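A.B. asks: below you'll find the sequence and an experimental structure to go with it.
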Amino acid sequence: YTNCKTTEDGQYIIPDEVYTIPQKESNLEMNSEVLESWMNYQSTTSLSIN
Amino acid sequence: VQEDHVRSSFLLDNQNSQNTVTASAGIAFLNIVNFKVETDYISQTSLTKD
């Protein structure tokens, strides 16, 4: 770290045997969904006789 | 470079059926002055699916 370097956008101190070339970003979100619902019903009889 | 997709899908069903059956009688003046017969019958069916 003799002639102690620093990255161009100075926010680090690289050692003087390395050089940097700055770039990036990347991300990706994704999601899914699934629902359901069911029902039913009834029946009836009746007879009143005589 | 940013992008996104949304793909909603909403499929709903329904089958709301019904029945109503009724019978009757009432043979009554002769040899039996009175006797009466009647049956009733009602059936339902409601099935939803989403």
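C.D. replies: Received it, and whenever you're ready, just let me know what you need. Numbers count the residues shown, from 1 in each chain, chains lettered A, B, ... in the order given.
A.B. asks: does the closest residue to residue A:43 other than its chain neighbours sit in a helix, a strand or a coil?
C.D. replies: Spatial nearest neighbour of residue A:43, chain neighbours left out: residue B:43 (3.7 Å); criterion: C-beta to C-beta, 6 or more residues apart in numbering or on different chains. Just so you know, the C-beta spots here come from the backbone N, C-alpha and C atoms, and that holds for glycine as well. The three-state label given to residue B:43 by DSSP: H, G, I helix; E, B strand; the rest coil is strand.
A.B. asks: repeat that for residue A:44.
C.D. replies: Going by three-state DSSP: residue A:44 is strand.
A.B. asks: and it, how many neighbours does it have?
C.D. replies: Per other C-beta atoms under 10 Å in any protein chain shown, the neighbour tally for residue A:44 reads 11.
A.B. asks: wait, it sits on residue B:39?
C.D. replies: No: between residue A:44 and residue B:39 there is no contact under C-beta atoms under 8 Å: 11.3 Å.
A.B. asks: quick one, phi psi at the residue at minimal distance from the centre of chain B?
C.D. replies: Geometric centre of chain B, nearest residue: residue B:18, 1.7 Å, by C-alpha atoms, centre = their mean. Per-residue torsions, residue B:18: phi -160, psi 160 (degrees, to the nearest 10).
A.B. asks: list the contacts of it.
C.D. replies: B:42, B:43, B:44, B:45 (C-beta atoms under 8 Å, 6 or more residues apart in numbering or on different chains).
A.B. asks: and the residue of chain B positioned farthest from its centre, helix, strand or coil?
C.D. replies: Taking C-alpha atoms, centre = their mean, the residue of chain B most remote from its mean C-alpha position is residue B:1, at 56.4 Å. Three-state assignment for residue B:1 (three-state DSSP): coil.
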